[PDB]
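Going line by line, the protein sequences match chains H and L. Quick note, the first sequence lines up with residues 1 to 132, 140 to 219 if you use the entry's author numbering. Once you know that position 198 of the second sequence is 198 in the entry's author numbering, the rest is easy, because the numbers rise by one and skip nothing. Cβ atoms here follow ideal geometry from the backbone N, Cα and C, with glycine treated the same way. To keep things clear, I will list the structure first and then write my remarks on it.
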Amino acid sequence: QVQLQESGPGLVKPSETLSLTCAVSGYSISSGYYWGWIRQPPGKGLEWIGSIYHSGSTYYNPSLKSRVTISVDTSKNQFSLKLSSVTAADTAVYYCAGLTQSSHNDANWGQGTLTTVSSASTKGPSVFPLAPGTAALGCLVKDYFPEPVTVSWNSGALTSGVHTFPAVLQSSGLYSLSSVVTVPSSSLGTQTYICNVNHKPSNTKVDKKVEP
Amino acid sequence: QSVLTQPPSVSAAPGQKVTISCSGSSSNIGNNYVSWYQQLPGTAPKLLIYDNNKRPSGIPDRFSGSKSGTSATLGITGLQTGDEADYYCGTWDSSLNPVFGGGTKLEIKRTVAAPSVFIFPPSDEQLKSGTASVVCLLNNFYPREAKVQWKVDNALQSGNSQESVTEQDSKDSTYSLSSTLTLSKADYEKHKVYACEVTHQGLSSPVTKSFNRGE
Ligand SMILES: *[P@@](=O)(O[C@H]1C[C@H]2CC[C@@H](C1)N2C)c1ccccc1
Ligand SMILES: [Cl-]
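Structure (structure tokens):
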């Protein structure tokens, strides 16, 4: 299929320049009708940033125009967004998207990448177990910054009964999140349960076994 | 971020219909085609309707749109638990730039379900690092309103916990909630009984789950 993939999430300091790329697979970037970016501040709606058309002409959101550059790199088959002089009001999930042919109805979207603009610094999490006819068990992913973390169970084999909660921002300025799952109590002695934690901003991956 | 106005939320039971309105002005909706998107939690928007009333391939005819004047409407019939999501309208403005509504969350109504409650002591691994987090989980309840009270040696805790709630479950329409009580290690070791007491419409009286440190 056509797939779009934004570069990874992280942190940008205020006044500095946010730089994102979107790798396109399954379609030649130079053939696309337009490529662009939209963002979504946390708990809010969508906001268009800008687009670049097949011609090379760009159109940007007038409120952002002085700070935005969108360009295409045909050797990498990717397009980019640079947003200069950022502030906390630029904190958002950024999506890349494109309409590959002008006759298409649906654009192809990326998955979104959260960029946090903050004077705080990147910190990886600690992962602690929440040890267990039904038993609950989980992982506590504590003391990380910025968002997000992802959590899977058993390398994606275990999905039923999993609940990964929104993170909370502690008074320390660091996030904490829990992920839990409910399983049969009989399985505790025979089935291994591992939570797979990824904090892309700090490049921290941990696979934590949770023992009864 | 938003330009067009949508209600914050709509709700109905499975099998029922909801409509979601999107109100604009003569220079956006009044002059331009409206599109609608569904955003399941943690995913990108997905097109439901374009050119006011057309469905792209893959979208079933339970979704429909229309436009009248400076307003548009999305209809969803035959509601399923999978339709729990945020919905957005979009159009172009007088400069032919894309603009969005602020989103409407769709909640699916279901029967009352009491939470199952679990408490987790701090791990030895965390206590070795100097801190103690006690976690209380309220699993798969409905409706969303729930109250957790922490007690430490019968002292009601106020202000030293934080909680969060899942989006509505895509299969059974329930919520789950996690609450963390944080103490220092030194404080955790001064007290014995840690308790989470839960009040919910599904419970005829509050449920308490507790443990004694080190027992
Ligand atoms: P939406 O993301 O646009 C879709 C549907 C139609 C119109 C452009 C392209 C992608 N398709 C050809 C949209 C439309 C208007 C405002 C905001 C979003
Ligand atoms: Cl689309």
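Using a Cβ distance threshold of 8 angstroms, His-170 (chain H) and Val-187 (chain H) count as a contacting pair.
Between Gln-162 (chain L) and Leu-156 (chain L), the CB-CB gap reaches or exceeds 8 angstroms. Around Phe-63 (chain L), no beta-carbon contact reaches into chain H at under 9 angstroms, the shortest distance being about 14 angstroms. For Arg-213 (chain L), the secondary structure class from DSSP, reduced to helix, strand or coil, is coil. DSSP places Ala-186 (chain L) inside the alpha helix (DSSP H), whose first and last residues are 185-188. At least one beta carbon of chain H lies nearer than 8 angstroms to the beta carbon of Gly-103 (chain L). For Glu-218 (chain H), no beta strand (DSSP E) run applies, since DSSP gives it neither H nor E.
The beta carbon of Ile-201 (chain H) is closer than 8 angstroms to those of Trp-160, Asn-161, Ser-162, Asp-214, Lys-215, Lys-216, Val-217 in its chain, skipping five residues each way along the sequence.
Cα atoms of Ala-13 (chain L) and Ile-108 (chain L): separation of roughly 5 angstroms, rounded to the nearest angstrom. Contact between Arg-62 (chain L) and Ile-76 (chain L) holds: their C-beta atoms lie close to 6 angstroms from each other, under 8 angstroms. When DSSP states are grouped into helix, strand and coil, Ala-174 (chain H) belongs to the coil group. By the criterion of a C-beta distance shorter than 6 angstroms, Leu-18 (chain H) is surrounded in its chain by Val-12, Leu-83, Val-86, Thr-115, once the five residues flanking it on both sides are discounted. Residues of chain L with a Cβ closer than 7 angstroms to the Cβ of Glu-154 (chain H) do not exist, since the nearest Cβ in that chain sits about 12 angstroms away. In this chain, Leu-4 (chain L) is not harboured by any beta strand (DSSP E), its DSSP state being neither H nor E.
When the Cα atoms are used, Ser-21 (chain L) and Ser-129 (chain L) turn out to be separated by approximately 52 angstroms. Annotation: the continuous beta strand (DSSP E) that includes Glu-163 (chain L) extends over 161-165. Look at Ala-107 (chain H): its beta carbon is less than 7 angstroms from one of the heavy atoms in ligand 1.
Cα atoms of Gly-101 (chain L) and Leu-99 (chain H): separation of roughly 21 angstroms, rounded to the nearest angstrom.
Identification of chain H residues near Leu-40 (chain L) by a Cβ-Cβ cut-off of 8 angstroms yields none; the smallest Cβ-Cβ distance measures about 12 angstroms. In the DSSP assignment, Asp-124 (chain L) falls within the alpha helix (DSSP H) that extends over 124-128. A residue is called buried once 16 or more other Cβ atoms fall within 10 Å of its Cβ, and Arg-39 (chain H) is buried on that count. Look at the segment 43-74 of chain H: the residues with a C-beta under 8 angstroms from a C-beta of chain L are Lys-44, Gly-45, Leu-46, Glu-47, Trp-48, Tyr-59, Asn-61, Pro-62.
Put simply, the segment 69-80 of chain H touches the segment 20-35 of chain H. At least three CB pairs are less than 8 angstroms apart. For the options L:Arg-110, L:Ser-179, L:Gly-103, the alpha carbon positioned closest to that of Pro-121 (chain L) is the one of L:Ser-179. Between the alpha carbons of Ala-92 (chain H) and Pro-41 (chain H) lies a gap of roughly 4 angstroms.
Interface annotation, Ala-146 (chain L): not in contact with chain H, CB-CB separation never under 8 angstroms. According to the DSSP assignment, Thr-74 (chain H) belongs to no beta strand (DSSP E), since it is labelled neither H nor E. Runs of the beta strand (DSSP E) lying entirely within the segment 34-113 of chain L, each at least 3 residues long, are 35-39, 46-49, 63-68, 71-76, 85-92, 98-100, 104-108 in chain order. In the three-state reduction of the DSSP assignment, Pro-62 (chain H) falls in the coil class, being assigned neither a helical nor a strand state. A check of alpha carbon separations from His-54 (chain H) across H:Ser-66, H:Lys-65, H:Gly-36 identifies H:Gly-36 as the nearest. Here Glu-215 (chain L) is exposed. Its C-beta has fewer than 16 other C-beta atoms within 10 Å. DSSP places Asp-150 (chain H) in the strand class (E or B) of the three-state scheme.
The C-beta distance from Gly-50 (chain H) to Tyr-60 (chain H) rounds to 4 angstroms, short enough to meet the 8 angstroms contact threshold.
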